[PDB]
Structure formats: C-alpha cells, structure tokens
Amino acid sequence: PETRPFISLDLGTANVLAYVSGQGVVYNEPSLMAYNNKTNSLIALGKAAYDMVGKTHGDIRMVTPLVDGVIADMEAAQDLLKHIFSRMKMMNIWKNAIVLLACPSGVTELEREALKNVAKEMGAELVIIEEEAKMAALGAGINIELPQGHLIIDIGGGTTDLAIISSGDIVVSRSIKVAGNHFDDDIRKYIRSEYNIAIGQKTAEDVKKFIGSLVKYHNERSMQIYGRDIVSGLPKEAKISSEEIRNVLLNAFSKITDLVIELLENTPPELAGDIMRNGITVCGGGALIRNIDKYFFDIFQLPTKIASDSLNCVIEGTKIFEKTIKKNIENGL
Amino acid sequence: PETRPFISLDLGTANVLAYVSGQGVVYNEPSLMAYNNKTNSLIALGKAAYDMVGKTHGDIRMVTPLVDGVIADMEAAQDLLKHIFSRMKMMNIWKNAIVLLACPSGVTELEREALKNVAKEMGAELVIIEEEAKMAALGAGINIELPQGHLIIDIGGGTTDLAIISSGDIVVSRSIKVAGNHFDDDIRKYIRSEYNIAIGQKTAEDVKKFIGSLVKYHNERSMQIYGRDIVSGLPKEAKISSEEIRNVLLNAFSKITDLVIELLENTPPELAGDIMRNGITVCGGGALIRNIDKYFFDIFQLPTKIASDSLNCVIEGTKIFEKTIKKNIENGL
Amino acid sequence: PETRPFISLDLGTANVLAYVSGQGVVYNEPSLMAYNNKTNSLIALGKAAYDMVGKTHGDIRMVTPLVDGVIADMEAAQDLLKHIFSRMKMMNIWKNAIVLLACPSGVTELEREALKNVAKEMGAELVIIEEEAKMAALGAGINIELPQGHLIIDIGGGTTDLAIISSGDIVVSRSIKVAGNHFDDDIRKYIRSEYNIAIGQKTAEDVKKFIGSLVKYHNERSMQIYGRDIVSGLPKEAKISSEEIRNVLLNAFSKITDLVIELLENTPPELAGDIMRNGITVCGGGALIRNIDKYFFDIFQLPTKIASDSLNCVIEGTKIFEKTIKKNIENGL
Ligand SMILES: Nc1ncnc2c1ncn2[C@@H]1O[C@H](COP(=O)(O)OP(=O)(O)NP(=O)(O)O)[C@@H](O)[C@H]1O
Ligand SMILES: Nc1ncnc2c1ncn2[C@@H]1O[C@H](COP(=O)(O)OP(=O)(O)NP(=O)(O)O)[C@@H](O)[C@H]1O
Ligand SMILES: Nc1ncnc2c1ncn2[C@@H]1O[C@H](COP(=O)(O)OP(=O)(O)NP(=O)(O)O)[C@@H](O)[C@H]1O
Ligand SMILES: [K+]
Ligand SMILES: [K+]
Ligand SMILES: [K+]
Ligand SMILES: [Mg+2]
Ligand SMILES: [Mg+2]
Ligand SMILES: [Mg+2]
C-alpha cells in the first residue's frame, strides 16, 4: 500500500529525463535554459532553448542548471524542477513523493545533500541518491547483483565515467571531464586551425553526430559546415570529411583510454579476469559515436558492447530500481 | 472583447502609411507637407504637396514631419496625425485607441518617448513601439519566431537599415543615412558635373525609378531630362542612359555594402551559417531598384530575395502583429 | 444666395474692359479721355477720344487715367468709373457690389490700396485685387491650379509682363515698360530718321497693326503713310514696307527677349523642365504682332502659343475667377 508518487530523474549535463511511476518517461529534453539578463525572466528551456544556442541577442543568458551532477545555478535548477511536470494534467506530484536521483561518482557529499534539499523543497518526502554507474549498468540489461565483474563506460556531455561493477557494488571508479562537450570544442578548434573558420557549438555537435566516428564505417560521408572566416569576418562554408573528424576524436579519446588504463591498473586481479570475459559496456550519448566498440576492441582486445538505447540507460535503470526502492521502504530503510 | 480601435502607422521619411483595424490601409501618401511661411497655414500634404516639390513660390515651406523616425517638426507631425483619418466618415478613432508604431533601430529612447507623447495627445490610450526591422521581416513573409537567422536590408528614403533577425529578436543591427534621398542627390550631382545642368529633386527621383538599376536589365532604356544649364542659366534638356545611372548607384551602394560587411563582421558565427542558407531579404522603396538582388548576389554570393510589395512591408507587418498585440493586452502587458 | 452685383475690370493702359455678372462684357473701349483745359469738362472718352488723338485743338487735354495699373489722374479715373455703366438701363450697379480688379505685378501696395479706395468710393462693398498674370493665364485656357509650370508673356500698351505660373501661384515675375506704346514711338522715330517725316502716334499704331510683324508672313504688304516733312514742314507721304517695320520691332523686342532671359535665369530648375514642355503663352494686344510665336520659337526653341482672343485674356479670366471669388465669400474670406 503505497500512496506516494515515485519520481526518478537523470539530471545530465546535456539531457534531462524525468520518470513518473504509472506515467512513464514524462520529460526528455536538452538541459539548456534561456534567461533574460535585463529582467531575469525564464525565456525558454529544453528544445526551445537548444535551438537558439549561438543565435541569441546579447541580453539572453544560456544556463546549464547541473554541470557534472553539481547544481551550478540554484535558481535555474529550481525553475527546471517546477517545469518538468507542468505538461502533466495533475496537481503537484512532488508532494510527499519518493524521489530517486542518480549522481556521478565525482559528486561530493555536500553537493549530493544540496541535490536532496532542492527535491525536498519541491515537496518530496523521501529523496534517494543512487550511483549513476549502477543505474546505467541496470539500464543496459546487466544483472548487477551477480558476483560477476563488468566495466561500464558512461560517456555523457560533461563527464566520462568508468566503473567496475560487481555484486551490485562499484569496486573501482574513475571520471574525467572529457566528453561530448570536449569533443565539440576540439572539433571547433580543429576547423579553426585547418580552415580559418569559426563555427558555433551547435555546428560542432552536428558534425560529430552526422559523420563522427572512431573507425572507418560503412557509410563514410562528408558534410558542409558554415561559419565565419577568421580573416575576412564574413560567412564562409567548408567541406568536412569523415577522416578529419575521426582523427580529432581519436586525439580526444587518447585521454579517455588513459583513464581506462588507470582504472584497470587499480582493479583487483580476480576482477580483471571477469573483465577479459564480460568486456566493456559503453552507454551514454558518446556510445553513439560510430564504431566506438571497434575502437575499444582494437586498443584493449576486450569484448565491447554498445548498450541499446544508450541515451536512456540511466533513466531506464531508475525504473528497474523502483522495485528495490519500494522493498527497502517496506523494510524501514 | 476589445472595444478600442487598433491603429498602426509607418511614418517613413518619404511615405506615410496608416492602418485601421476593420478598415484596412486608410492612408498611403508622400510625407511632404507644404506650409505658408508668411501665415503658417497648412497649404497641402501628401501627393498634393509632392507634386509641387521644386515648383513653389518662395513663401511656401516644404516640411518633412519625421526624418529617420525622429519628429523633426512637432507641429507638422501633429497636423499630419489630425489628417490621416480625416477622409474616414467617423468620429475620431484616436480616442482610447491602441496605437502600434514602428521605429528604426537608430531612434533614441527620448525620441521614441516623444513619438508616444504625440499619439497620446491625439487621444490614444495604449501606444506600442516595435522595431521596424521585425515589422518589415513579418511583412516580407518571414516567420521571425523560428530559431532561424535572416538578414533584412530595409532601404528607405532617409536610412538604409540592416538587421540580423532570429527567434523574433534583432541580434545585430546597423543603419546608415544613405538611401533614396542620397541616391537622388548623387544623381543630381552627377548630371551637374557631366552635363552642366541643374535638375530638381523630383527629376532626380524620376530617372532613378525609370531607368535606375544596379545590373544590366532586360529593357535598358534612356531618358530625357530637363533642367537649367549652369552656364547660360536657361532651360536645357539632356539624354540620360541606363549605364550612367547604374554607375552612380554602384558608387552610392559602395557605402551600403560596407555597412553589410560590418554587420556580418559582428554577427555570431552560428548565425553566419543561417545567412549562407537563408540569404538576404531586401525591402523598402530601394528594393525596387532594378536587379538589386543580382547586385547583392554578385558581391556577397548569398541568396538574395526581393520582398514582394516591398513598399508595404512595414505596414503589412503591423497588420500581422495585431494578433500578438491583442494577446499581450489580454495578458496584462 | 448672393444679392450683390459682381463687377470685374481690366483697366489697361490702352483698353478698358468691364464685366457685369449676368450682363457679360458691358464696356470695351480705348482708355483715352479728352478734357477741356480752359473749363475742365469731360469732352469725350473711349473711341470718340481715340479718334481725335493728334487732331485736337490746343485747349483739349488727352488723359490716360491708368498708366501701368497706377491711377495717374484721380479725377479722370473717377469720371471713367461713373461712365462705364452709363449705357446700362439700371440704377448704379456699384452699390454694395463685389468688385474684382486685376493689377500688374509692378503695382505697389499703396497704389493697389488707392485702386480699392476709388471702387469703394463708387459704392462697392468688397474689392478684390488679383494678379493680372493669373487672370490672363486663366483667360488663355490654362488650368493654373495644376502643379505644372507655364510662362506667360502679357504684351500690353504700357508694360510687357512675364510670369512663371504653377499651382495657381506666380513663382517668378518680371515686367518692363516696353510694349505697344514703345513700339509706336520707335516706329515714329524710325520714319523720322529714314524719311524725314514726322508722323503722329495714331499713324504709328496703324502701320504696326497693318503690316507689323516679327517674321516674314504670308501676305507681306506695304503701306502709305502721311505726315509732315521735317524740312519743308508741309504734308508729305511715303511708302513703308513690311521689312523696315519688322526690323524696327526686332530692335524693340531685343529688350523684351532680355527680360525673358532674366526671368528664366531666376526660375527654379524643376520649373525650367516644365517650360521646355509647356512652352510660352503670349497674350495681350502685342500677341497680335504677326508671327510673334515664330519669333519666340526661333530665339528660345520653346513651344510658343498665341492665346486665342488675346485682347480679352484678362477680362475673360476675371469671368472664370468669379466662381472662386463667390466660394471664398461663402467661406468668410
Ligand atoms: N549520435 C551521436 N554521436 C555522437 N555523440 C552523440 C550522439 N548523440 C548524442 N551525442 C552526444 O552525447 C551527449 C549526450 O549524452 P547524455 O548521456 O545525455 O549526456 P548527459 O548525461 O546529459 N551529460 P553527463 O552528466 O555528463 O552524463 C552530448 O554531448 C551529445 O552531443
Ligand atoms: N522603383 C523604384 N526604384 C528605385 N527607388 C524607388 C522606387 N520606388 C520608390 N523608390 C524610392 O524608395 C523610397 C521610398 O521607400 P519607403 O520604404 O517608402 O521609404 P520610407 O520608409 O518612407 N523612408 P525611411 O524612414 O527611411 O524607411 C524613396 O526614396 C523612393 O525614391
Ligand atoms: N494687330 C495688332 N498688332 C500689333 N499690336 C496690336 C494689335 N492690336 C492691338 N495692338 C496693340 O496692343 C495694345 C493693346 O493691348 P492691351 O492688352 O489691350 O493692352 P492694355 O492691357 O490696355 N495695356 P497694359 O496695362 O500695359 O496691359 C496696344 O498698344 C495696341 O497698339
Ligand atoms: K542524460
Ligand atoms: K514608408
Ligand atoms: K486691356
Ligand atoms: Mg549521463
Ligand atoms: Mg521605411
Ligand atoms: Mg493688359
């Protein structure tokens, strides 16, 4: 007999997802928010704010409420929470609700406590904080309860997260701030250096998605980009090829492969054998980079699987974990 | 339930247009006014005053009430507003009316406030001031609400106005006092230098319209002009060709192309890509100069469209914006 | 509802014309008056006095009441006004009448005021003074209201009047005292120098009318003149040819063409173009000089029309202007 609503949230640096027990996933939009600096009014958020990135008047302020699991703008976080459930024809579901949040391993206890405080402020009565790595593992269809080791690589917009999981525990974890946003910056840096053209972030992210890859793929294809020539200052277009972008990504993943090496270096020997057999599981947005699994196999010789629907791994995991959370509540935890 | 009349106005330096909700465009005449200097009586305005330019006794004073969106003659502005609706068989529609005015980006807050004060003086209760660039964009059939960048070039009689528009906002704007009047002066300067003939403004404007162009066109044709020989002081005629006038306009547009370059130089890179794809939109009277679109394409390589009915873009935009203004009034703005 | 009579007057230096509303032109005779110097009695006026010019006893005094629009003899003017309407079987129509007078541009405000005073003295209640040039333009069938420029050349007995007219206004005006009387004097001067014969004015005026011309015409014809030989003092006749007289007129019109040149030199350039297209209109008595239009065309290359019935242009114009004057009276002007 549970009368209270169950809410889970994936408050990622790039995409925010919200789940309501009984309704399903009720929100899944970019995390960007647009404020007016002269008046501090919330102009837009989600897709509406994402379409404006780089095309906005100088009075508009683009905000990311959460950066790497840390509330970066208190008021923006509060505004986003007051909106995710605004398209649900119901009174506030935050009231005395059970809230399950997922945090990267890098988040601090104080920052975790600040997360709970914002949820309680909305009206929740119980606020549980789970490890993102095990939520993602669950979402990818891994039975984390088993005494079997798995290597999870969660590539998001702000951070790349590495976790050795086994018996539902994170035995080893590493995190680095080289992810989707870092890849975009480097794509932008390269195009500037090579073609003397200044492109926006939105354009950098679109070539990443449209031709980005780590190993040659079955539909190699070029792309036309449009930016501002650094010399003339006028609009200028250029043709970008798959090879060039593959080399940019290979350069940026050099630091991620180094984190994997360090992670394995601190992994208990008996868990190392499981890694040889169970391999790597890649999830998050970065799991969509073409042939990222072939890349990891070539370098490490470990089996590498891309989680199906890798953008939803975390939120999908919170849905699986709902049963566990309601069994614990029934046990007084 | 709106009982108050809706009035919008395009108070251009050359042509004044007035719109009444329910009646349509109710006034569209030149902005010139004719006063008697010995008595200060309003002799004529609109077409009647325009036909007299350069043919009037020395006691007559030609007045332009608004020059570049700035009330230049307070009393003349007041007289014009008391006349636009004089051919409407109705009592004053200014009473407690909703008035929508459009201003060039160069107008100052104080001058904008002076505009509202004149409208309130007539009897209006609500006086809204919109950007001319977005009214013109609307008039040209652009969905300014979309997160897509457009370059608007508004060539009038007093000013050329450049605006980068996107998401219903003016992200970048530049304005220059090189427009129809400047072109006429230069046509007059050229004919004096080349043929030693002093022509009036009316004659300068008519050759601009009758053979003026920026690129060779499908009906190249000469024109006979009539002026006063600077040496003999007697009447003298001359034959003016398309080529000569094209070269005069090409010289004057050199400064407009420089403003476009500066505008693009201060345009965010991601908006520059949209400009490459959406191109330029030319409106205003100057949009009628022959092959002005071919001119802009040749120089910048950007798609260039001439707004259909480019003299009515602004007023047509105020009509489209009426719905938005009445939704805001319903929301207490 | 107008109960008051309407009177208009053309008080020319040579011919006086009077118009009564409802009756038409009621008087049209030479302006000469004959007084007895020993008794100051009015002997004759009009045609009767004109037939006596040069044939009168030494006690008779020939008077011109108005010379160039200026009352030259106060009593003679008063006598003429008491006679123009003497052949109308009605009581004084001057009583509380509306009087429209026409003045050359050279007349002074004081002289204009003296004109009104004489009319009021007769019994008029309203005395309007119009420009002769626009009355003549009207009489010649020009729509002076239009914003189109016309060059009017009014050649009378005392003055030649030049006016640029447009929008019912005299934009530029010049006047010279070289007209019919000056031509007669020069005809008399020539015949004296060439044939040693002293002719009277009447004879000078008759050869001007009978063979006078400015360009060779289709019925070149000689004339027999009769005067007093300067040597013998006895009567002597001589044969005068068309050529000789044409050369005399060409010499006298040299000063009129100079006035036209000066007029055009002070004409606004945009009005100069209209002059090229609308041309010159010649009216007054001097418009009857043969081929005066061919003369003006040859010298200036401007279209030149002779007003039909050029002696009646002014009075005919006052008749057209009657409607305007009665609309103004209805408006309290
Ligand atoms: N097809 C694709 N190819 C490459 N990158 C992609 C693709 N689709 C999305 N991305 C990137 O994946 C990221 C979004 O993944 P996501 O898992 O939602 O990150 P996040 O959880 O919101 N941020 P984080 O807090 O670091 O986990 C963005 O940087 C996207 O640019
Ligand atoms: N066919 C044409 N070819 C060239 N110029 C033209 C043509 N028709 C009109 N114009 C000019 O266009 C101008 C009028 O355009 P318009 O948009 O009405 O300006 P405006 O709004 O009244 N003045 P502004 O306040 O500067 O915008 C005048 O300078 C005209 O001479
Ligand atoms: N056929 C003709 N050829 C030449 N001159 C003529 C002819 N008929 C009349 N005239 C002259 O024309 C003059 C009369 O014209 P008119 O328009 O009546 O002058 P006016 O108005 O009376 N004088 P003014 O006050 O100067 O305008 C006289 O000088 C006549 O000699
Ligand atoms: K996410
Ligand atoms: K206008
Ligand atoms: K006369
Ligand atoms: Mg994530
Ligand atoms: Mg305009
Ligand atoms: Mg006269």
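Remember, it's 1-based here, ligands and their atoms both numbered in the order they're listed. Below, chain A is the first sequence line, B the second, and so on; all start at residue 1.
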Any idea which protein heavy atom is nearest [atom], and the distance to it?
{"atom": "atom 27 (O) of ligand 2", "answer": "B:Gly156 CA, 3.7 Å"}
{"atom": "atom 25 (O) of ligand 2", "answer": "B:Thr13 N, 3.0 Å"}
{"atom": "atom 11 (C) of ligand 2", "answer": "B:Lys208 NZ, 3.9 Å"}
{"atom": "atom 21 (O) of ligand 2", "answer": "B:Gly12 CA, 3.7 Å"}
{"atom": "atom 18 (O) of ligand 2", "answer": "B:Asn15 ND2, 3.0 Å"}
{"atom": "atom 8 (N) of ligand 2", "answer": "B:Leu288 CD1, 3.4 Å"}
{"atom": "atom 17 (O) of ligand 2", "answer": "B:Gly285 N, 3.1 Å"}
{"atom": "atom 28 (C) of ligand 2", "answer": "B:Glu205 OE2, 4.0 Å"}

Below a 4.0 angstrom heavy-atom separation, can you tell me which part of B:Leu311, side chain or backbone, both or neither, approaches ligand 2?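 B:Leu311 to ligand 2: side-chain contact only, backbone stays beyond 4.0 Å.
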
Are [X] and [Y] linked by a side-chain donor-acceptor pair shorter than 3.5 Å?
{"X": "C:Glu131", "Y": "C:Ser105", "result": "no"}
{"X": "C:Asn181", "Y": "C:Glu205", "result": "no"}
{"X": "B:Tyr217", "Y": "B:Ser242", "result": "yes"}

If you round to the nearest 0.5 Å, how far is [atom2] of [Y] from [atom1] of [X]?
{"X": "C:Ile153", "Y": "C:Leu162", "atom1": "CD1", "atom2": "CG", "result": "5.0 Å"}
{"X": "B:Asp10", "Y": "B:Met135", "atom1": "CG", "atom2": "CE", "result": "11.0 Å"}
{"X": "B:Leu17", "Y": "B:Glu29", "atom1": "CG", "atom2": "CD", "result": "10.0 Å"}
{"X": "C:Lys208", "Y": "C:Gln201", "atom1": "NZ", "atom2": "CD", "result": "9.0 Å"}

Relative to the heavy atoms of [X], which atoms of ligand 2 are at a distance of less than 4.0 Å?
{"X": "B:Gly286", "result": "12 (O)"}
{"X": "B:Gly284", "result": "17 (O)"}
{"X": "B:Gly180", "result": "29 (O)"}
{"X": "B:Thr159", "result": "26 (O)"}

Out of B:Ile292, B:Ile155, B:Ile289, B:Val70, indicate the one that has the non-hydrogen atom closest to atom 3 (N) of ligand 2.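 Result: the heavy atom closest to atom 3 (N) of ligand 2 is in B:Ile289.
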
For atom 19 (O) of ligand 2, state which one of B:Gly69, B:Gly157, B:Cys103, B:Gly158 supplies the nearest heavy atom.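 Selected option, by shortest heavy-atom distance: B:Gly157.
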
Would you check whether B:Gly212 reaches within less than 4.0 Å of ligand 2, judged by its heavy atoms?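 Under 4.0 Å: no for B:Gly212.
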
If you apply the rule salt bridge (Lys or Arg N to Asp or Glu O under 4.0 Å), what do you find for C:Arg112 with C:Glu132, and how did you get there? CA-CA 12 Å; C:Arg112 304 205 176 196; C:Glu132 228 171 61; over 6 Å; no

Geometric N/O contact B:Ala14 with ligand 2, under 3.5 angstrom: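 Yes - when backbone and side-chain N and O of B:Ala14 are compared with those of ligand 2, one distance drops under 3.5 Å.
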
Any salt bridge linking B:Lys189 with B:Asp186? Criterion: basic side-chain nitrogen under 4.0 Å from a carboxylate oxygen.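 Between B:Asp186 and B:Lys189 there is no salt bridge, as every charged N stays at least 4.0 Å from the carboxylate O atoms.
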
Under a 4.0 Å N-O cut-off, is there an ion pair linking B:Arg188 with B:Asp184?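 Result for this pair is no, no salt bridge flagged.
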
Sub-6.0 Å ring centroid separation between B:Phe183 and B:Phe253: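 Aromatic pair counts; centres sit under 6.0 Å.
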
